[PDB]
Amino acid sequence: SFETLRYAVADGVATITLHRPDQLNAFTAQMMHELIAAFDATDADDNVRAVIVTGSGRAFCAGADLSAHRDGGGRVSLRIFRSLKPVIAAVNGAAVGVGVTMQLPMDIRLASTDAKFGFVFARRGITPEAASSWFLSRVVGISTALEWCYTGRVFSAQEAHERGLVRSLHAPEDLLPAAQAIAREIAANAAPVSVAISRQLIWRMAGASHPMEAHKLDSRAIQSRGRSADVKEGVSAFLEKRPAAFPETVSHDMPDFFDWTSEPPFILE
Amino acid sequence: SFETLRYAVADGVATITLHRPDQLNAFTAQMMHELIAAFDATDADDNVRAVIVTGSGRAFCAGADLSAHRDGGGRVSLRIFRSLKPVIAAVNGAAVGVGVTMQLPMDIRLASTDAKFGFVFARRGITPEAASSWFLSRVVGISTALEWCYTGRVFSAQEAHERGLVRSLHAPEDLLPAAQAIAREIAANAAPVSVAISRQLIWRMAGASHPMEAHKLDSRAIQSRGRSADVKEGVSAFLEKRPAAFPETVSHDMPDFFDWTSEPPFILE
Amino acid sequence: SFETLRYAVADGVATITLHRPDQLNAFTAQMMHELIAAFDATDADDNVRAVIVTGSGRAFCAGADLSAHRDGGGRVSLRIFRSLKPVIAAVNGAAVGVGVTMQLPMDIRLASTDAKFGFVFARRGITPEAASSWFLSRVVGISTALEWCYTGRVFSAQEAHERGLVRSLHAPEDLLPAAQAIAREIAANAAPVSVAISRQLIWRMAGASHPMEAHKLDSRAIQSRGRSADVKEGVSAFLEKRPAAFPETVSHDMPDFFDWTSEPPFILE
């Protein structure tokens with residue numbers, strides 16, 4: 001139960017709906033705390049195998065309203081980064097300021113053909129936040145990140161897709177069905193512990209200085225999964241001509257050799 | 001005043017013109033010192049809100065002529081990296097050897113349809129320089145970087161654009177107008193301190209191991225800009241139906257919590 | 001001489017052929033040791049100036065059969081990473097599981113129009129290996145890496161090329177000729193020491209936190225090559241209207257200021 005979001009779980013898929021639509025879902029202190037609580041709920045709910053984030057009304061999110069000195073956007077961004085479930089943004093409308101910076105830590109961005117995007121910070125005399133200086137170059141590459149943040153231009157879904165911010169474009173009526181089809185295909189076919197480990201190694205090894213770091217972690221991951229009941233279930237089911245019902249859960253069966261919840265310290269100098 | 005460059009400031013835009021055209025603007029010791037001095041001038045001139053780099057004559061730059069044991073190309077590359085203004089390359093002609101490696105630290109590459117590019121080092125029995133082993137993978141990605149440096153092939157503007165070295169292609173007469181329209185749109189719409197912080201965080205956080213690093217810096221940046229006169233000017237101007245005249249300057253008003261001029265030590269082992 | 005591979009050297013090009021075709025070249029303990037030995041041979045053979053890896057029969061490689069607790073895939077991946085010669089994958093058929101993760105450390109991926117690819121780990125209750133959590137984001141970028149590993153979908157050559165896993169697509173009969181034309185153009189035109197240094201700096205500086213790291217190494221590399229006989233041979237040959245016959249070799253003439261064979265320690269916690 002939230003004031004700034006709707007939250008629904010159906011068919012193994014959580015939908016978090018940004019829900020201040022009279023304000024084009026403008027981001028507030030409470031949406032920040034609530035989105036952190038939404039991801040705590042999705043990480044803990046074994047019935048959740050994928051998460052869709054979308055906007056109510058016309059917009060996705062048009063921007064921010066008006067020893068934790070921490071940017072609110074960043075707190076959400078860092079929470080999603082250490083998320084254990086697939087996260088898909090279904091961008092239905094304007095995603096401006098923190099409204100676009102919030103999507104960069106999500107795993108897959110789908111956009112309505114109506115969607116608009118703008119890193120408008122420099123036009124307002126402020127700066128890109130939500131750790132977008134880290135995320136944005138790893139989605140669209142440095143040159144595009146610099147051009148969008150320098151001009152602060154509001155650009156089309158078509159530019160978003162050509163420059164690689166969004167995976168694919170959908171008719172307004174087709175967006176959530178598309179996000180759902182991806183979410184359900186993961187929920188149907190993949191073992192939730194394997195998905196959670198994959199998510200964490202891909203995101204975390206993007207900042208690693210050498211593939212040795214990945215080799216050390218992914219050696220321990222494949223050793224642990226190799227001895228798991230999920231691997232056995234995968235064998236049985238193929239032989240017995242049936243869809244696997246992976247039994248191991250993100251809530252209990254996450255391998256203990258690595259703290260999937262860990263993050264470096266927030267310290268000011 | 002320079003021997004190897006022209007330097008002009010009009011309408012908030014600096015144009016640095018590589019200017020040894022009888023030698024296809026071949027890079028020399030003096031062009032190196034002069035380009036460092038050109039960026040010192042652009043960083044210090046509050047009338048400069050964007051920088052265009054271009055070539056005189058037929059070529060952009062066809063290559064190098066013939067306890068600082070430092071590659072000259074790198075010295076320029078590292079100077080641009082810690083630059084505080086948007087830098088756009090307008091590649092008018094051949095950009096060979098250090099002539100292409102010099103553009104990779106710039107923020108946006110525009111090319112004439114006449115432009116040609118070649119990382120020809122290995123064909124001459126030498127090696128890619130100007131820290132291109134760091135920059136080139138972050139523009140075009142590792143596989144393309146390897147292929148261009150292995151073959152040393154001189155390739156077309158069209159390949160440059162398809163593989164992502166250049167943002168866009170222009171008729172020879174359209175190149176500088178296009179570079180100018182981008183430069184003027186930044187100079188017109190964005191607060192110079194916000195642009196300078198954005199530039200530095202995007203480039204610097206591309207080497208950061210985790211988004212926590214960006215969150216720490218961009219929390220301090222948004223706190224500082226939040227209390228700035230630029231933010232106020234942005235409010236006034238919207239209400240009073242007028243273009244903002246951001247008053248804070250890169251020369252004085254750069255926030256002091258981070259040394260924007262800092263770089264790691266050059267030490268030989 | 002190998003049981004799981006064919007190995008041939010012609011015209012300066014080594015071809016390593018994955019060769020358990022009755023098993024769609026499934027990866028085994030012995031293919032792992034043999035591929036390490038194949039790269040030791042290619043690194044030491046000055047007659048080898050480029051390496052092509054390809055599959056026998058219908059498939060490239062359909063997956064794994066069935067205080068070094070090290071993933072076998074990773075051992076190959078890490079060996080290729082510290083390889084000194086250009087490595088091109090010619091993907092002739094299905095490349096599933098470790099069959100696709102093995103290609104990511106190679107320098108250039110060419111695919112037959114018949115080729116298929118799938119990161120199917122999560123569908124089998126296991127996890128992406130061969131340090132693919134490091135390599136895959138640096139080939140196709142994080143969002144695509146996440147989508148392929150979450151769904152475990154087997155996808156077409158066309159998707160592989162559009163999302164940037166493969167450089168180019170070839171008719172089945174055209175694949176090895178294309179891989180050869182690239183290999184021979186390197187073998188013909190580039191100095192082997194320059195190629196080996198380039199390979200190592202591009203791959204290693206992709207994990208470096210700042211371009212200063214590249215500037216330090218590439219300053220020493222260009223100083224050393226500047227005094228080399230290859231550079232002289234390059235001068236003579238241009239004047240004397242003839243193709244250079246670079247005399248310096250990867251076996252003897254690798255500059256000594258950096259250990260090209262070095263890798264960080266494999267240690268379990």
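Throughout, a chain's letter reflects where its sequence line sits, starting with A, and its residues are numbered from 1. Scope of the values below: all heavy atoms of this structure, side chains included, with no hydrogens, waters or symmetry mates.
- The distance from the CD atom of A/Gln23 to the CG atom of A/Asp65 is 6.5 Å, given to the nearest 0.5 Å.
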Show your reasoning for whether side-chain contact (heavy atoms from CB on, under 4.5 Å) applies to B/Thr54 and B/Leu176.
CA-CA 8 Å; B/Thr54 204; B/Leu176 286 175; 4.1 Å; yes
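- For A/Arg153 and A/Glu159, the salt-bridge test passes: some basic side-chain N is under 4.0 Å from an acidic carboxylate O.
- No side-chain donor-acceptor contact under 3.5 Å links B/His170 to the backbone of B/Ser112.
- For the pair A/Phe135 and C/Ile142, the minimum side-chain heavy-atom distance is 4.5 Å or more.
- No side-chain heavy atom of B/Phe257 sits less than 4.5 Å from a side-chain heavy atom of A/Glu269.
- A/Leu5 places a side-chain heavy atom less than 4.5 Å from the side chain of A/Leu18.
- Remark: side-chain polar atoms of A/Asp107 are not paired, donor with acceptor, to backbone N or O of A/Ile88 under 3.5 angstrom.
- If you check the side chains of B/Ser251 and B/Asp46, you find a donor sitting under 3.5 Å from an acceptor.
- Without hydrogens or angle criteria, B/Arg49 side chain to B/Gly12 main chain gives no donor-acceptor distance under 3.5 Å.
- Rounding to the nearest 0.5 Å places CE of B/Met31 at 12.5 Å from CD1 of B/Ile36.
- A distance of 12.0 Å separates OG of A/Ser132 from CH2 of A/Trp148, quoted to the nearest 0.5 Å.
- Between C/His215 and B/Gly74 the shortest heavy-atom distance is ND1-CA, 3.4 Å.
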Test side chain to side chain donor-acceptor pair (under 3.5 Å) on A/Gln30 and A/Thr4 and set out the steps.
CA-CA 7 Å; A/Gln30 186 155 345; A/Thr4 63; over 6 Å; no
Trace of the side-chain contact (heavy atoms from CB on, under 4.5 Å) decision for B/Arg199 with A/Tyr150
CA-CA 8 Å; B/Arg199 180 169 200 290; A/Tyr150 289 167; 3.0 Å; yes
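- Side-chain contact, A/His69 with A/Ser67: no donor N or O sits under 3.5 Å from an acceptor N or O.
- Aromatic ring orientation, A/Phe119 versus A/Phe121: tilted (interplanar angle from 30° to 60°).
- Aromatic ring centroids of B/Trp134 and B/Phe81 lie under 6.0 Å apart.
- Scanning for side chain to side chain donor-acceptor pair (under 3.5 Å) contacts around B/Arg167 gives A/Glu147, with sequence neighbours left out.
- Of all non-hydrogen atoms in B/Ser77 and B/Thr101, the two that sit nearest each other are OG-O, 4.1 Å.
- Pairing each heavy atom of B/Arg225 with each of B/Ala191, the nearest pair is NH2-CB, 3.9 Å.
- B/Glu34 places no side-chain N or O within donor-acceptor distance of the main-chain N or O of B/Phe2, the cut-off being under 3.5 Å.
- Side chains of A/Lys116 and A/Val91 form no contact here, defined as non-hydrogen atoms less than 4.5 Å apart.
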Output, in order, the C-alpha distance, side-chain angles, deciding distance and verdict of side chain to side chain donor-acceptor pair (under 3.5 Å) for B/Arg82 and B/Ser262.
CA-CA 7 Å; B/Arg82 72 183 181 76; B/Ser262 70; over 6 Å; no
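- In this structure, CD1 on B/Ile222 lies 9.0 Å from OG on B/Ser219, to the nearest 0.5 angstrom.
- Considering every non-hydrogen atom in both C/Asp218 and B/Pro128, the closest pair reads CB-O, 3.8 Å.
- A donor-acceptor distance shorter than 3.5 angstrom exists from the side chain of B/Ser194 to the backbone of A/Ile126, with no hydrogens or angles considered.
- Side chain of B/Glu233 to main chain of B/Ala245: a donor-acceptor pair is present (N/O by atom type, distance under 3.5 Å, no hydrogens or angles).
- Of the possible donor and acceptor atoms, one in the side chain of B/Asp259 sits under 3.5 Å from a partner among the backbone N and O of B/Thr261.
- In the displayed structure, B/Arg242 atom CZ is contacted under 6.0 Å by more than 12 heavy atoms of other residues, nucleotides or ligands.
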Any chance you could lay out the side-chain contact (heavy atoms from CB on, under 4.5 Å) test for A/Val100 and A/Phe60, step after step, and finish with the verdict?
CA-CA 9 Å; A/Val100 64; A/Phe60 177 84; over 6 Å; no
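- Here the CG atom belonging to A/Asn92 is positioned 12.0 Å from the CG atom belonging to A/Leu110, to the nearest 0.5 angstrom.
- Under 4.0 Å is where a charged nitrogen must lie from a carboxylate oxygen, and between A/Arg124 and B/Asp230 no such pair does.
- Side-chain atoms of B/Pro86 and B/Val195, non-hydrogen and from C-beta on, do get closer than 4.5 Å to each other.
- Heavy-atom minimum distance, B/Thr249 versus B/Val193: O-CG2, 3.5 Å.
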In sequence, state the C-alpha distance, the side-chain angles, and the governing distance for B/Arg79 and B/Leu35, and then conclude on side-chain contact (heavy atoms from CB on, under 4.5 Å).
CA-CA 9 Å; B/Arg79 186 63 192 76; B/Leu35 278 163; over 6 Å; no
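- Using a cut-off of 4.0 Å between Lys/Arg side-chain N and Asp/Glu carboxylate O, C/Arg204 and C/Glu213 are scored as not salt-bridged.
- Side chain of A/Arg109 to main chain of A/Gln103: a donor-acceptor pair is present (N/O by atom type, distance under 3.5 Å, no hydrogens or angles).
- In this structure, A/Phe39 and A/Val51 have side chains that are in contact, with non-hydrogen atoms separated by less than 4.5 Å.
- Between B/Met205 and A/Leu136, every side-chain heavy-atom pair lies at or beyond the 4.5 Å cut-off.
- Of the inter-residue distances, the one linking A/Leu169 atom CG with A/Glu162 atom CD reads 8.5 Å to the nearest 0.5 angstrom.
- Contact of the C/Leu217 side chain with the B/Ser133 side chain is not registered, since no non-hydrogen atoms from C-beta on lie closer than 4.5 Å.
- Checking side-chain atoms of B/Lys85 against main-chain N and O of B/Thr42 turns up a donor-acceptor pair under 3.5 Å.
- With hydrogens and angles ignored, the 3.5 Å screen pairs a side-chain donor or acceptor of A/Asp71 with a backbone N or O of A/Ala130.
- With a 6.0 Å cutoff to the six-membered ring centre and a 45° limit on the axis angle, B/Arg220 does not count as a cation-pi contact of B/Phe258.
- A/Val98 and A/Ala64 get closest at one heavy-atom pair: CG1-N, 3.7 Å.
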